[PDB]
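Residue numbers (the deposited numbering), protein chains in the order written: chain U, 350 to 498; chain D, 1 to 50; chain E, 151 to 200; chain S, 1 to 89, 99 to 250; chain H, 948 to 978, 989 to 1085; chain G, 1048 to 1095; chain R, 948 to 997; chain B, 48 to 97.
A virtual CB, placed ideally from N, CA and C, is assigned to each residue, including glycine.
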Ligand SMILES: Nc1ncnc2c1ncn2[C@@H]1O[C@H](COP(=O)(O)OP(=O)(O)O)[C@@H](O)[C@H]1O
Ligand SMILES: Nc1ncnc2c1ncn2[C@@H]1O[C@H](COP(=O)(O)OP(=O)(O)O)[C@@H](O)[C@H]1O
């Protein structure tokens, strides 16, 4: 395999005339060390906005649903939304009202939007409000016939 | 809810800690354990989870 | 062995030291090409690439 | 927060009310209200909110991108005929079915109303089997359920006859002329309602440039011209060769 | 993107936005979320304003999923800007970030769908 | 479980830890917390 | 779709999941195709299969 | 067998046979032994790789 064939020398390249001048030398003068970083970056969570802690603090439909069922077992009668607010004043009012109407309609019970009832609720900063609510009635029977998942 | 987790850690290997360095936006050294009952990565959207 | 240890060793010495560490150590292996490491993994975890 | 909202109504027309009848899942008459200082529609995922959005939008464009938001690029499984039929995936209203829609507004305390009355007289659902009308009123003495009763008295000719009976009332069998009348009543070019459609399904704000492109400006890209450009060039190539 | 650069008028130019000092008109910024919402409200209001009209004559705007994809401050800026443009606004959300909207809205309509049936229940409130 | 901010409510109950990640413009951090400690951190933020 | 339907093995097969009764060979209910708006069951079935 | 998987499995196997006192005991690098012997068996045309 490694026999030397007699072919002509074509494309004959000449390079690397060893002129002494072409030499240069290790420039170790770049002495600056690259510092090490082994620091544990312990982090404080207070730098991310309230958009996260709010979802942390949000309402849970399960807990409120069970609380309302307990209340309706206690009263054992049809009850309107304003009475539900008075008996169980919430913290996240509008969402709780929406959940209450959601149960009302999960029971198939009519919510007469055309006739109203009212209530007043304070909030987390002492400010007070009024709620124009629709007329309907929740029943322990209604929400035990219905089930939750 | 949380009572079913006896099996984990007896038969299989379980990820329990990921250490990173100069990876993505995680400048410098970072470390986070994973509880063998199931752990969840939480954070503001667009905060290096993926 | 931990990521901290490996990074510290690498800073203390370049790739030469990193490849030399394996033979000094025990229960450790290195793979300057990935597919070798992935074969080691799949063997250890008895599962195909799928 | 909202005490500066005194300009609404006093300065411009704003939405006040909506009504529905045999539309989507809303079997029979169904209603809602709107507050001057603003309102929000809420409910569990997939409960009829974007359905109401589309029901409103049907009256304000040549055609809106029905179900624009939740599709995420998916084709409009929802449209006029399916809504009148109440489709899901089992048609809610087959055979002969009737339907009605409306919206309401106010300026200086004086009311405005839009609406349209639809019905198939047969189980088939061709675009022409649909008998349709549109409406516009600048008088408080008009409401959707009253229009449904009027239709129960007779066909489209009756909806036009009550238009002739009252003043400040308009109705039309063709969507374009009704749209033109309303647009003249507001000096609004239809590109404004096109932009309204762009906004009414916009998801998270991606970037200001892409937002200009996809919301502020109509596409109107000239790819339609490229086709006939290529065809005419090939035609010239034939003779040249 | 090249076909857009050739056939799409919108791609022939790159859009920009600059923050201005009201008095002197000096540039403070030459360039996201906080500004894009104002941009969109501006565009609709102008498109809905007849020629020679200070206000948008049709001053109602709809936003699907308006704030189920935005931070609290972002939606606050949205409502503020809507006030700056004199635009009544409507919003939609699947029962999320409700604290904001309850704070910044005075009515709502809940919709729940029982199988093939749907219905509506309106509500309202105010501060004292 | 990788989770967005929404629906974190349900997930809180059915797990025992959380890896909280941080965005700081062009930088990020990450820490290991249990729900017990994250609740106290929320309270500390509420107080300060 | 046509080309894959010919030259890709796993495209010649439609897949469906049928719930079985432990005490009977019958099918309680089968899940596949377009649900039309309700997916409270499809989600869990697909997650379970994966 | 993919070649890398094969060499890893063969190294694992040869680790077992380190106890055979009369056959080429390696206790410094069984991985290199496995590689060399796979190459040798390829030389004998026992195993052909494509
Ligand atoms: N192509 C990119 N575009 C935007 N940010 C990027 C990109 N690549 C890396 N980043 C950086 O790494 C992160 C990638 O996005 P990320 O936040 O991890 O996704 P998510 O938050 O949805 O899980 C960004 O937060 C950013 O810091
Ligand atoms: N015209 C239609 N075509 C197909 N599906 C429809 C149609 N109308 C209503 N639906 C159903 O009615 C429900 C509408 O709920 P909606 O809240 O408006 O949608 P999303 O929450 O996804 O934005 C959905 O379950 C939808 O499937």
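Task: Delimiting residues of the alpha helix (DSSP H) encompassing residue 195(S) - done: 184–195
TODO: Report the partner residues of residue 129(S) according to the DSSP bridge assignment.
DONE: 106(S), 139(S)
Task: heavy atom of ligand 1 below 7 Å from residue 47(D) C-beta - done: yes
Open item on the list: So if I threshold CB-CB distances at 9 Å, which residues from the region 37–59 of chain S count as touching chain R?
Closed with: 46
TODO: Could you work out which residue in 83(S), 16(S), 227(S) is closest to residue 134(S) when comparing CA atoms only?
DONE: 83(S)
Task: Backbone secondary structure at residue 230(S) - three-state DSSP - done: coil
Open item on the list: Counting C-beta neighbours from all protein chains within 10 Å, is the total for residue 94(B) 16 or more, i.e. buried, or is it exposed?
Closed with: exposed
TODO: For residue 213(S), return the contacting residues in chain U, with the cut-off set at a CB-CB distance below 8 Å.
DONE: Within 8 Å Cβ-Cβ: nothing; residue 213(S) doesn't reach chain U, min ~13 Å.
- [ ] Give me whichever residues DSSP pairs with residue 1049(H) in a beta bridge.
- [x] 41(S)
Task: Any chain R beta carbon closer than 8 Å to residue 76(S) - done: no
TODO: Going by CA-CA distance only, name the one from 4(D), 22(D), 15(D), 41(D) that's closest to residue 157(E).
DONE: 22(D)
Task: Which listed residue (178(S), 202(S), 160(S), 68(S)) has its alpha carbon closest to that of residue 123(S) - done: 178(S)
Task: beta-carbon residue 24(D) near ligand 1 non-hydrogen atom, thresh 7 Å - done: yes
Task: Buried versus exposed call for residue 1077(G) [16 or more other C-beta atoms within 10 Å across all chains shown] - done: buried
Open item on the list: With three or more beta-carbon pairs closer than 8 Å as the criterion, would you say the region 1018–1027 of chain H touches the region 203–222 of chain S?
Closed with: yes
- [ ] Tell me where the beta strand (DSSP E) around residue 484(U) begins and ends.
- [x] 477–484
Open item on the list: Along the chain, where does the alpha helix (DSSP H) containing residue 53(S) start, and where does it finish?
Closed with: 49–57
Task: Partners in chain U for residue 1168(G), counting only beta-carbon separations shorter than 8 Å - done: What the structure shows of chain G is the stretch from 1048 to 1095, and residue 1168(G) is not part of that stretch, so it cannot be assessed.
Open item on the list: Taking the straight line between their C-alpha atoms, what separation do you get for residue 57(B) and residue 184(E)?
Closed with: 19 Å
Open item on the list: Between residue 186(E) and chain B, is any beta-carbon pair separated by less than 8 Å?
Closed with: yes
Open item on the list: Less than 8 Å between the beta carbons of residue 389(U) and residue 7(D), yes or no?
Closed with: no
Task: Same chain only: Cβ atoms within 8 Å of residue 18(D), ignoring 5 sequence neighbours per side - done: 31, 32, 34
TODO: Tell me whether residue 175(E) sits in a helix, a strand or coil according to DSSP, three-state version.
DONE: coil
Open item on the list: Given the structure, does residue 87(S) come close to ligand 2, in the sense that its CB is under 7 Å from one of the ligand's heavy atoms?
Closed with: yes
Open item on the list: Distance check for residue 81(B) and residue 61(B), CA to CA, integer angstroms please.
Closed with: 7 Å
- [ ] Taking residue 161(E) as the query, report the chain U residues whose CB atoms sit under 7 Å from its CB, ordered along the chain.
- [x] 385
Task: residue 55(S) classed as buried or exposed, judged by whether at least 16 other C-beta atoms fall within 10 angstroms - done: buried
Open item on the list: Distance check for residue 979(R) and residue 74(S), CA to CA, integer angstroms please.
Closed with: 19 Å
Open item on the list: Nearer than 7 Å: is that true of the beta carbon of residue 1070(G) relative to any heavy atom of ligand 1?
Closed with: yes
Open item on the list: Can you list, in chain order, the residues of its chain with a C-beta nearer than 6 Å to that of residue 85(S)? Leave out the 5 residues immediately preceding and following it.
Closed with: 100, 102
- [ ] Mind checking which residues open and close the alpha helix (DSSP H) that includes residue 1093(G)?
- [x] 1082–1094
Task: Where residue 1065(G) meets chain U, residues with beta-carbon distance less than 9 Å - done: What residue 1065(G) touches in chain U: nothing, since even the nearest Cβ is about 10 Å away.
Task: Neighbour-count burial assignment, residue 143(S), 16 or more Cβ in a 10 Å radius - done: buried
Open item on the list: Using the Cβ count rule (16 or more neighbours within 10 Å means buried), how would you classify residue 1013(H)?
Closed with: buried
- [ ] For chain R, find out if any of its Cβ atoms is closer than 8 Å to the Cβ of residue 89(S); answer yes or no.
- [x] yes
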